[PDB]
Amino acid sequence: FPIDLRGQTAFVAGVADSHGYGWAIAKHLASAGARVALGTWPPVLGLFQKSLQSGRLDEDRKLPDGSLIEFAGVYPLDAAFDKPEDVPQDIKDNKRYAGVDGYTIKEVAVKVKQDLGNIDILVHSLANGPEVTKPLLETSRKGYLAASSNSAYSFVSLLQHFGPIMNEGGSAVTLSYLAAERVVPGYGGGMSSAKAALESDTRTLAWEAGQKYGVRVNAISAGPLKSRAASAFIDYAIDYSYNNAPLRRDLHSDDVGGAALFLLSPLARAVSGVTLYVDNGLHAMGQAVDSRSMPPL
Amino acid sequence: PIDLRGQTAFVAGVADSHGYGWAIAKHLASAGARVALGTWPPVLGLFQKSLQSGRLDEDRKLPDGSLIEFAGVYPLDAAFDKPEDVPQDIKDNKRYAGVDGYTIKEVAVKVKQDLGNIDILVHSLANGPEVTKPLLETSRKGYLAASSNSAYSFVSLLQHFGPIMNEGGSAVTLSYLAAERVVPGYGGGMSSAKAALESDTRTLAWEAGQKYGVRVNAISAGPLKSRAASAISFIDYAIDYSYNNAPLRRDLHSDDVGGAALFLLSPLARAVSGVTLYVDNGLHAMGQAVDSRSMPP
Amino acid sequence: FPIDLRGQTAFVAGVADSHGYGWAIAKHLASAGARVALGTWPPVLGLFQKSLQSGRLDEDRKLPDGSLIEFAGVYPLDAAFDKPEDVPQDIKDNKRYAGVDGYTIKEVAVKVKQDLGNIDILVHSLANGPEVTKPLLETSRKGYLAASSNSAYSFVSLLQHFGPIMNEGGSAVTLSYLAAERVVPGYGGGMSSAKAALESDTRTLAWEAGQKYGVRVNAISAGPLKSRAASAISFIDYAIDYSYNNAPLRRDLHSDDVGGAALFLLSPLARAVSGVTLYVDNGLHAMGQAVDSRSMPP
Amino acid sequence: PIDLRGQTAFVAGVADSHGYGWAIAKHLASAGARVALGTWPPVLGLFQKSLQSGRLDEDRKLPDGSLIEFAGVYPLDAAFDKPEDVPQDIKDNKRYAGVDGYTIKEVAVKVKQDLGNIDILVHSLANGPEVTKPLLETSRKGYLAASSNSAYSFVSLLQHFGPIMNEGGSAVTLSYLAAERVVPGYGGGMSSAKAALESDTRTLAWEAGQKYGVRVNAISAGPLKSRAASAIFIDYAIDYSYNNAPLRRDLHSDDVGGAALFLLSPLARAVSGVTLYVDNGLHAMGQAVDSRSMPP
Ligand SMILES: NC(=O)c1ccc[n+]([C@@H]2O[C@H](COP(=O)([O-])OP(=O)(O)OC[C@H]3O[C@@H](n4cnc5c(N)ncnc54)[C@H](O)[C@@H]3O)[C@@H](O)[C@H]2O)c1
Ligand SMILES: NC(=O)c1ccc[n+]([C@@H]2O[C@H](COP(=O)([O-])OP(=O)(O)OC[C@H]3O[C@@H](n4cnc5c(N)ncnc54)[C@H](O)[C@@H]3O)[C@@H](O)[C@H]2O)c1
Ligand SMILES: NC(=O)c1ccc[n+]([C@@H]2O[C@H](COP(=O)([O-])OP(=O)(O)OC[C@H]3O[C@@H](n4cnc5c(N)ncnc54)[C@H](O)[C@@H]3O)[C@@H](O)[C@H]2O)c1
Ligand SMILES: NC(=O)c1ccc[n+]([C@@H]2O[C@H](COP(=O)([O-])OP(=O)(O)OC[C@H]3O[C@@H](n4cnc5c(N)ncnc54)[C@H](O)[C@@H]3O)[C@@H](O)[C@H]2O)c1
C-alpha cells in the first residue's frame, strides 16, 4: 500500500534497451501497478521492438513476483522535434526513419491521449551531446546548442505537450548529473551547461506547471552508470565514485529506479522543484579520499 | 515496493500527534516496521496517558483501519549524553520524578536490550529557548542551548545508536529553509543550529556511511502547526505565506513529511545519503514572492 | 595603489550606450588606469559612435578626477557568430549591418591582437532573449536556443578566441541573475536556463582556462537595473521596487555598484578568486522570504 | 579606487604575522584605514613585544616602504561577552595576569572611548579544542566550545560593535569549504561551527543591514600554514589544493587580505550576505584530478 500506482498511467521518454536508467524507472513504475508506455528514438525502435518480441529481454523484464512487465505501447519519439513542420527533409527521407511516422513530441502526446487517455506520470530519461568528448574550450556552437536542444529543451517541450493531458497531482522527473553544479573533467560538449539549464528548468517548470496544472516537477542527479550510451572512461568514473563516496557500494540502475518511483508517487505530494542526489553520497564530499596528494590505503 | 517488515525504528522526539515525529512514526508502522519512541521525560506521562486513554485513536488509524502500536515509549532527554552529565537540579526536578535512564547512552542500551539492533533512526526534535529573539538580541547561552538541543543531539544519537544499527540502515533529521536563507522570526540561533545540523548530516553521511554502512539524510520541511510551533499568531502567517507563494497551492500536512521520511528510511533510498530533501510544496525553489505589495495583486 | 591596472588592456563586449552594466564596468576599469576597448552590436554601432563623438556622452564619461574616459577602440561585434562562414546571407545584406565588416568573434579577436596586442581583462556584458516575455511553458525551441546562443555560448566563444591572447594571471567576468538559481516570474523565454548554463560554464571555464592559460573566470549575479535593454521590454520598475523593499540594504542599486565589484574580480586583488558567482544585489539573494508579502502584516 | 583614509577598522584575532588576520590588517592600513587589533590575552605580551622589538619590521613593510602602525592592540577573549561570564580560574590564570577589560562588550566600549565610531569590523578567529577528532568521537563540550569560540563570537562582535559602526560600514568573517561539503580531518564540530557562521553571516546581513545600514559578508578561504594550522596535516591540505584547484599557484595570506579589503570597501557597497571563495577556484571542482582511481 505505501506506493500503490494501480489505476495510474506513465509515459517514459528515452528507453531503447534494458541497460539504462529509463528502463529501471519503467520497471519500478510497473512493479508498483502503473500502466507504462515508452517513447523510443525512432532509428533504434525496430531493434528494441525486436528484442522485446523475441524474448531476449525476458530476464530484464522479470518482476519480484515473477511476472514480466508489459508496456501499454512503445511509441517512436524524437525529442529534437516538437511538431511535424520542424522535421527537415533529410530526416523524413533518412532510411533509419523509414516506416515510422508521428514521432514529434506534439504528435506523440496526441497519440497517447487518444490511445490511453490522461496520464499521471511523465519521465524524461534522454540526453544527447554530439561533442561530449570535447572540452568546452573546443566545443562548437552547433555542438553546444545540439546538447541543449536534445537534453534540456526536450524536457520543456515534453511538459508543454504532456502537461495539458496530465491529471492534477501528477508528476514529472528528469535526470541530471553533478557536472551541472561542479566541474567534472571529461563531461564536455556543453553537456554540463545543458544539465545546469535542465535543473534550472526543473525549478521554473515546478512553478509554472505547479500553478497551471497542479503538477510536480523534479530532478534526480544520478551517479555514473555503465549504460549503452555511457559505454559508447565510464569505468574510471565508476571507480572514482566507488573509492570516494560515503557509501562504498556499486550504483545500480534500480537505485535510481527506486528514487524516481518515490518522486513520481503520492508519497512525494509535497515535493517539487528538487534536485535529489542518488549517487551514494558523492555530492556531499569536498575532497577525494584517494588523492595522490594524500597518503595511500 | 516499500516493505519494512522485520525492521525496527527508533523515533526520537514524539510527545503528541501534532508534529512531524508522529507522522514519520505512523508511516514507518504502516509500512510494517516496529517503531519505538523517545519522549522528553517531563511530558512522558501526559503522552502515555493520551495513548492509553484512546484520545489518539483517530490519529493512530491507518488506511487499512488498524491502529499503529509502538514497541516501546522511552523517556529521552537529548540534552544529556550520559548519567554523569545530568545536574542535581534536574535529577531532583519534580518533572523528572518517577523516570530514570533517560540519557542518550542509556536509552540506546535499553533499546538494544529490549528490541535488539535497529535499522531506522529518526531525530525529530529541537528546542531554542530564545527563538523569538532576533540574532542581534540572542545571548550566548540561548544560542548554545539551541545548538546543544537541536544540532549536537543528532550527533550524539548517531554516536550511541550507530553501533546498534544494521548495515544498510538509515537516519533522518528535520531542518528548515532558515538554515540557508534568512527567514525573519526564526531567531535565537535556531537558524544557525539548523545550518549546523545540515552540515552534520553531510559529515555523518561520510563518517557513518564509512564506519557503519549507514545512510544519513535531512528533510527541510515547510511550516506546520505543531504544538511546539503554536506555543510560540506567527505560525499562521508562515503557513499563509507558504500557501500563497509556493509552486503547489495546497495545505502542507504532517503526513507529507511522513511519506518523504518513509522513502529516505527505506531500501528505495539505498543510494541516497547526505541530502537535504525539501518537502515544502516547492517553496525553496522560488526566488521572489508572488504576493508582494511591490507587485500588482 | 591597491587597484592599479596601468599597463593592462581590457576588452568589454556588449556596450552600446551609457545606461547598462557594461558601461559602468568599462568606466571603472579606465579609472584604475586600464586601456579599454569595446565590442558593440553592429546595428547600434553608428548611433553609439555618433553619441561618443557628439559630446552627448561627456557627462557619463566623467571620472572622479574630472578627466573623461577614452576607448582604445570601439569594435563591431555580433556575439551570435563565431566565424565569417556562420553569417547568413540575409544578415550580410541587412541594412542594419551595411558599412560594417569583420564583426564575428574570431575576427574581432584577430583585430584586437593586431591593434592592441595581448589583453589582461575580458568582460562579457551581453544577453539577448527574443522570447523573454514568454513563460517557459510558452517558449519555443527556436527562442530558447537563441537565448542560449546569444547569452551563454557567446561567453564560451569569447574565451575560446580571446584566451590565446590573454596574459597569464588575466581575468574574465560575465553577468548573470538570480533567476539562474531560483524562480523569478517574468524572466522567461529560456533566459533563466541560459543564465544557469552561463554560471555553469563560468565554473567549467575557470577549470579549463585556469589550467591552460592561468586565467581566472568569474560571474557577477547582479540585481535589477533600468538599462536600455531592461526598459525596452512597467516590469523593470516592479523588479526594482521589489528589491528596494525586500533586500537587507535598503538603497538604490546603481550600475556603478556592479562596476566596482567587476573591477575587483578583474584586478590582482582577486588573484585567488575563480569560478565564483558573486552577488551584487544589496543582499537580496540571502533572503528566504519577502518582508512586504500581503500574507504578512504591514 | 579603494581609498580608506578617514575610516577606522577593528580586526579581531591577530596574534602574529602568519595568519589571515595580519594580512587583512596590512591591506586595510595600506589603503589608509586606521587599524586597531584584538588579541587573545594569553598571547598579548608576546605579540606586543615582537612588535616593539622590531622583529616584525619586515612583515610590517608596505609597498611604498613605510611600516604599518596600529591605532591600538586590545586584549580580547571572544569566548566572553561580559565580565560576569569570565570564570574565576580564567581571572586567576597567570596567562591573563596583568590584563583587564578583555570581554567583547568591554573592548567595544574601550574602542568607542579611544577611537570613536568605526567603519570596518573583521572577525578572524576560531578555536575548536577537539578539531582532530571525527564528529563520531566529538563530545558535547568540545562541539559547543567550537561553536562558542568560532560562530557565536561573530554574532557577539556585531551585537557590541554594531551600535558604534557608521552607516555604510562593513564586517567580514572567515569560513572554510568544510561548512558546505565534507573535508576529512576538519573535526571537533568545527565544520558545524563554520556552517552556523555562514548562516549567521546571512542572518546578520539582514538584521544589521536593516538596523545599522551595515554590510556583513564571509570569505571561504583555502588552506594556509598559519601558526594555528601548523600546531594541529596542513601540508597535505595545501598539496591537495595545489594539485587539484583550477589555478595551480600557492595560496598566500595576502590573497585573502586583498579580497577582504574589497568586501570592506566602498567598491562593495551593494554586496552583503555573500560567501566569497578565495581558494584558487577549488570550491568549483566536482572531482579530484589526481585521484588514484584515474591515470597519472
Ligand atoms: N552515468 C550515466 O549513465 C549517467 C549519469 C547521470 C545522469 N545520466 C542521465 O540519465 C539519463 C539516461 O541516460 P543513460 O546513460 O541511462 O542512457 P541511455 O543508454 O538510456 O541513452 C540515453 C537515451 O536517450 C535516448 N535519446 C537520445 N536522443 C534522443 C532523442 N532525440 N529522442 C528520443 N530519445 C533520445 C537514447 O535513444 C537513449 O535511450 C540521461 O539524461 C543521462 O544524461 C546518466
Ligand atoms: N513548522 C514547523 O513545525 C517546522 C518546520 C520545519 C522544521 N521543523 C522541525 O521538525 C522537528 C519536529 O518539530 P515539530 O514542529 O513537529 O515539533 P513538536 O511539536 O514535535 O516539538 C518538538 C519535539 O522535540 C521534543 N524535544 C524538545 N527538546 C527535547 C529534548 N531535550 N529531549 C527529547 N525531546 C525533546 C519535544 O518534546 C517535541 O516532541 C524539529 O526539528 C523542527 O525544527 C518544524
Ligand atoms: N536588470 C538588469 O538590467 C540585469 C539584471 C541582471 C543581470 N543583467 C545582465 O547584465 C548584462 C548587461 O545587461 P544590461 O541590462 O546592462 O543591458 P544593455 O542595455 O547593455 O544591453 C545588453 C547589451 O548586449 C548587447 N548585445 C545583445 N545581443 C548582442 C549580440 N548578439 N552581439 C553583441 N552584443 C549584443 C546589446 O547591444 C547591449 O549592449 C546582461 O548579461 C544582463 O543579462 C542585467
Ligand atoms: N588553513 C587555514 O589557516 C584556514 C583555512 C580556512 C579558514 N581559516 C580561518 O581563518 C581565520 C584565521 O585563522 P588562521 O589560521 O589565519 O589563524 P591564526 O593562526 O591567526 O589563529 C587563529 C586566531 O584566533 C585567535 N583566537 C582563538 N581563540 C580566541 C579567543 N577565544 N579570543 C580571541 N582570539 C582568539 C588566536 O589567538 C589566533 O590569533 C579562522 O577563522 C580560520 O578558521 C583558516
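Just checking, how many residues over region B:247-263 are within 14 Å of ligand 2 (Cβ to nearest atom) and crowded, with 16+ Cβ neighbours inside 10 Å?
Within region B:247-263, the first condition is being within 14 Å of ligand 2 (Cβ to nearest atom), and the residues that meet it are B:251-258, B:260-261.
Still in the list and also crowded, with 16+ Cβ neighbours inside 10 Å: B:252, B:254-258, B:260-261.
Going through region B:247-263 one residue at a time, the tally reaches 8.
For region A:186-208, enumerate the residues that are in contact with a strand residue (DSSP E or B) (Cβ under 9 Å, 6 or more places away or on another chain) and either of a type in the set (D, E, K, R) or within 14 Å of chain D (Cβ to nearest Cβ) (or both).
Selection gives A:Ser192, A:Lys195, A:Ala196, A:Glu199, A:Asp201, A:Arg203, A:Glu208.
Looking at region D:186-207, which of the residues that are under 14 Å from B:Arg202 (Cα atoms) and among the hydroxyl-bearing types (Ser, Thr, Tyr) is surrounded by the fewest Cβ atoms within 10 Å (Cβ to Cβ)?
Taking the candidates together, the pick is D:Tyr186.
Please verify whether region C:19-27 includes one or more residues that are over 17 Å from C:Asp256 (Cα atoms) and of a type in the set (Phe, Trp, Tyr).
Within region C:19-27, the subset over 17 Å from C:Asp256 (Cα atoms) is none.
Scanning region C:19-27, I find no residue that is over 17 Å from C:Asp256 (Cα atoms) and of a type in the set (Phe, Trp, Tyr), so the answer is no.
State whether the residues of region C:160-169 include one that is near ligand 3 (Cβ under 10 Å from one of its atoms), under 16 Å from the mean Cα position of the chain (by Cα) and either closer than 12 Å to A:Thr204 by Cβ or more than 14 Å from chain B (Cβ to nearest Cβ) (or both).
Start the filter on region C:160-169 by keeping residues that are near ligand 3 (Cβ under 10 Å from one of its atoms), which leaves none.
Within region C:160-169, none of the residues are near ligand 3 (Cβ under 10 Å from one of its atoms), under 16 Å from the mean Cα position of the chain (by Cα) and either closer than 12 Å to A:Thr204 by Cβ or more than 14 Å from chain B (Cβ to nearest Cβ) (or both).
Among all residue pairs at least 6 apart or on different chains, which show Cβ distances below 6 Å where the first residue, located in region A:147-176, is under 20 Å from C:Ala146 (Cα atoms) and the second is of a type in the set (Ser, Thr, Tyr)?
Close Cβ pairs satisfying both conditions: A:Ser148/C:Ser148; A:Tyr153/C:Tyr144; A:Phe155/A:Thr174.
Take A:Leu175 and decide whether it is at negative phi, outside any helix (DSSP H, G or I) and not small (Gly, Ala, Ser). Show your work before the answer.
On the way: at negative phi: yes; outside any helix (DSSP H, G or I): yes; not small (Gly, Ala, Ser): yes.
In short, yes.
Quick check, is D:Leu251 among the aliphatic types (A, V, I, L, M) and under 25 Å from C:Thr202 (Cα atoms)?
Details: among the aliphatic types (A, V, I, L, M): yes; under 25 Å from C:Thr202 (Cα atoms): yes.
Yes, satisfied.
Looking at C:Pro268, is it closer than 28 Å to C:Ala206 by Cα, out of contact with any helix residue (DSSP H, G or I) (no Cβ under 6 Å at 6 or more places or on another chain) and surrounded by fewer than 24 Cβ atoms within 10 Å (Cβ to Cβ)?
Details: closer than 28 Å to C:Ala206 by Cα: yes; out of contact with any helix residue (DSSP H, G or I) (no Cβ under 6 Å at 6 or more places or on another chain): yes; surrounded by fewer than 24 Cβ atoms within 10 Å (Cβ to Cβ): yes.
Answer is yes for this residue.
Report yes if D:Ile219 is among the aliphatic types (A, V, I, L, M) and either surrounded by fewer than 24 Cβ atoms within 10 Å (Cβ to Cβ) or within 16 Å of ligand 3 (Cβ to nearest atom) (or both), otherwise no.
Values: among the aliphatic types (A, V, I, L, M): yes; either surrounded by fewer than 24 Cβ atoms within 10 Å (Cβ to Cβ) or within 16 Å of ligand 3 (Cβ to nearest atom) (or both): no.
Spelling it out, it is not the case that D:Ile219 is among the aliphatic types (A, V, I, L, M) and either surrounded by fewer than 24 Cβ atoms within 10 Å (Cβ to Cβ) or within 16 Å of ligand 3 (Cβ to nearest atom) (or both).
Given the conditions (1) over 26 Å from A:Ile3 (Cα atoms); (2) over 18 Å from the mean Cα position of the chain (by Cα); (3) buried (at least 19 other Cβ atoms within 10 Å of the Cβ), which single one is not true for A:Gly210?
Exception for A:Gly210: condition (1).
If you go through region B:208-249, how many residues are closer than 29 Å to A:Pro246 by Cβ and of a type in the set (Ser, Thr, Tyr)?
At the first step, the residues of region B:208-249 found to be closer than 29 Å to A:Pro246 by Cβ are B:208-222.
Filter again for of a type in the set (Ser, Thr, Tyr), leaving B:212, B:220.
Looking only at that region, the number is 2.
Counting only residues that are acidic (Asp, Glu) and under 26 Å from B:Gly259 (Cβ atoms), which one in region B:179-207 is farthest from the chain's Cα centre (by Cα)?
Narrowing region B:179-207 to residues acidic (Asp, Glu): B:180, B:198, B:200, B:207.
So of that shortlist, the ones also under 26 Å from B:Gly259 (Cβ atoms) come out as B:180, B:198, B:200.
Details: B:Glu180: 18, B:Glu198: 13, B:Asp200: 15 Å.
Within region B:179-207, the match that is farthest from the chain's Cα centre (by Cα) is B:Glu180.
Any residue at all in region A:144-152 that is of a type in the set (S, T, N, Q), in a helix (DSSP H, G or I), surrounded by fewer than 19 Cβ atoms within 10 Å (Cβ to Cβ) and on the phi < 0 side of the Ramachandran plot? It would help to see each step written out before you state the result.
Of all residues in region A:144-152, those of a type in the set (S, T, N, Q) come to A:148-151.
Adding the requirement that they be in a helix (DSSP H, G or I) leaves A:148-151.
Subsequent filtering for residues that are surrounded by fewer than 19 Cβ atoms within 10 Å (Cβ to Cβ) retains none.
No.
When you check D:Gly257 against the structure, is it within 13 Å of ligand 4 (Cβ to nearest atom) and of a type in the set (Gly, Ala, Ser), yes or no? Give the steps one after another, and end with the answer.
On the way: within 13 Å of ligand 4 (Cβ to nearest atom): yes; of a type in the set (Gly, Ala, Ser): yes.
Criteria met by D:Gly257.
Restricting the search to region A:1-12, which residues are in a loop (DSSP other than H, G, I, E, B) and not small (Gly, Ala, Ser)? Lay out the reasoning, then the answer.
The first filter runs over region A:1-12 and keeps only residues in a loop (DSSP other than H, G, I, E, B), leaving A:1-8.
Result: A:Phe1, A:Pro2, A:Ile3, A:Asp4, A:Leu5, A:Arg6, A:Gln8.
Look at C:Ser231 and say whether it is surrounded by fewer than 19 Cβ atoms within 10 Å (Cβ to Cβ), under 19 Å from the mean Cα position of the chain (by Cα) and farther than 25 Å from D:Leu282 by Cα. Lay out the reasoning, then the answer.
Details: surrounded by fewer than 19 Cβ atoms within 10 Å (Cβ to Cβ): yes; under 19 Å from the mean Cα position of the chain (by Cα): yes; farther than 25 Å from D:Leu282 by Cα: yes.
In short, yes.
Among the residues of region C:223-237, are any away from ligand 2 (no atom under 16 Å from the Cβ), under 24 Å from D:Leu276 (Cβ atoms) and out of contact with any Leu (no Cβ under 6 Å at 6 or more places or on another chain)? I'd like the intermediate steps shown before the answer.
Restricting attention to region C:223-237, the residues satisfying the condition of being away from ligand 2 (no atom under 16 Å from the Cβ) are C:223-237.
Still in the running and under 24 Å from D:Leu276 (Cβ atoms): C:223-225.
Applying the additional criterion that residues be out of contact with any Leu (no Cβ under 6 Å at 6 or more places or on another chain) yields C:224-225.
For region C:223-237, residues away from ligand 2 (no atom under 16 Å from the Cβ), under 24 Å from D:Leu276 (Cβ atoms) and out of contact with any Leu (no Cβ under 6 Å at 6 or more places or on another chain): present.
Can you go through A:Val123, A:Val183 and tell me which one is surrounded by 20 or more Cβ atoms within 10 Å (Cβ to Cβ), farther than 18 Å from A:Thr202 by Cβ and away from ligand 3 (no atom under 16 Å from the Cβ)? Break it down into steps so the answer makes sense when it comes.
Details: A:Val123 fails: farther than 18 Å from A:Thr202 by Cβ.
Selected residue: A:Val183, the only one of A:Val123, A:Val183 that is surrounded by 20 or more Cβ atoms within 10 Å (Cβ to Cβ), farther than 18 Å from A:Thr202 by Cβ and away from ligand 3 (no atom under 16 Å from the Cβ).
Of a type outside the set (S, T, N, Q), within 16 Å of ligand 3 (Cβ to nearest atom) and more than 30 Å from D:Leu46 (Cα to Cα): does that describe D:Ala270?
Working: of a type outside the set (S, T, N, Q): yes; within 16 Å of ligand 3 (Cβ to nearest atom): yes; more than 30 Å from D:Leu46 (Cα to Cα): yes.
Here the answer is yes, as D:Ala270 does meet what is asked.
Residues in region A:23-40: is at least one under 13 Å from the mean Cα position of the chain (by Cα), under 21 Å from A:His161 (Cα atoms), away from chain B (no Cβ under 14 Å) and surrounded by fewer than 24 Cβ atoms within 10 Å (Cβ to Cβ)?
Looking through region A:23-40, none of the residues is under 13 Å from the mean Cα position of the chain (by Cα), under 21 Å from A:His161 (Cα atoms), away from chain B (no Cβ under 14 Å) and surrounded by fewer than 24 Cβ atoms within 10 Å (Cβ to Cβ).
Does region B:87-118 hold any residues that are surrounded by fewer than 18 Cβ atoms within 10 Å (Cβ to Cβ), among the aliphatic types (A, V, I, L, M) and not in a helix (DSSP H, G or I), and which are they?
Passing the criteria: B:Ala97, B:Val99.
If a residue has to be over 26 Å from D:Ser253 (Cβ atoms) and facing another protein chain (nearest Cβ under 7 Å) to count, how many in region D:265-296 make the cut? Give the derivation first.
Our first condition is that a residue be over 26 Å from D:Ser253 (Cβ atoms); within region D:265-296, this holds for D:270, D:286-287, D:291-296.
If we keep only those that are facing another protein chain (nearest Cβ under 7 Å) as well, we get D:270, D:286-287, D:291-294.
Residues flagged as over 26 Å from D:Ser253 (Cβ atoms) and facing another protein chain (nearest Cβ under 7 Å) within region D:265-296 amount to 7.
Quick check on A:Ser140: is it surrounded by 14 or more Cβ atoms within 10 Å (Cβ to Cβ) and in contact with a helix residue (DSSP H, G or I) (Cβ under 6 Å, 6 or more places away or on another chain)?
No.
Of the residues A:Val36, A:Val15, which single one is within 25 Å of B:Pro267 (Cβ to Cβ), assigned to a strand (DSSP E or B) and within 16 Å of ligand 1 (Cβ to nearest atom)?
Answer to the selection: A:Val36.
Read the figures in this text as sums done on the coordinates, not as results from a lab. A quick note on method: Cβ atoms are made from the backbone with ideal geometry, for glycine too, and the neighbour counts reach across all protein chains shown.
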